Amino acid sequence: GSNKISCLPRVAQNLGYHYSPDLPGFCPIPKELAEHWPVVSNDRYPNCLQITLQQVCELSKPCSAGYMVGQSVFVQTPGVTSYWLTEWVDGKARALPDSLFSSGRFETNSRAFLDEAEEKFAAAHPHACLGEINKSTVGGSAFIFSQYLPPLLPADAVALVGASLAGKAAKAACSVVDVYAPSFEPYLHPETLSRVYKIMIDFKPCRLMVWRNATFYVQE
């Protein structure tokens, strides 16, 4: 139909897939050339990324992520799969890497929690999630629901250069993200005090700083 299932564009673009013959949120491409080009679509092409409601192969990857049906974006329902991805390479499916996913909260400009659990996850880890002020500089604020953030924000491990508490404190280079916060629990038990992990949000490579039982933030 007119409205078809898609990922948040950057999920495919980080993967190398910038054009689509059918999906609206990407570059347009003629229906012929899609067979001779790496594209993102709902239909099967030899080199492509196939986005779909159902599963297609065993190597398909389910993503509990932000999504869009046609033009409008929608936030993720946390536990539930939003779409399966299937990376076709030379007319034969390939395994996708591991990655976390942005919830679609940035593009809807919503600063509210998805779950009750995530709300609990916020007050459990206040500094990282809710932010904190420390002598003319903002302390944490790693998430889109955090305070001291500006009215408007871009996308995917967003270095929102600016976090303010008016006439009091400010950090010039604060980094935030709209991923389901309790997805970070597995990385919050390092055997060392500090630990750095190479991760993917929306298939963009980025680091995750963690101090055990104190603070964390994703960082590009």
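All residue numbers are counted from 1 along the displayed sequence.
Between 147 to 155 and 29 to 37, it is 29 to 37 that carries the larger average Cα temperature factor according to the deposited entry.
Legend: mean Cα B-factor per stretch from the PDB entry, 97 to 105 versus 84 to 92; the higher mean is in 84 to 92. Remark: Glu185 belongs to the middle third of its chain, ranked by C-alpha B-factor as recorded. When the modelled residues of the chain are ordered by C-alpha B-factor, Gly16 sits in the lowest third.
Ranked within its chain, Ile5 lands in the highest third, by CA B factor from the PDB record. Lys135: CA B factor lies in the highest third for its chain, per the PDB record. When the modelled residues of the chain are ordered by their C-alpha B factor, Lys61 lands in the middle third.
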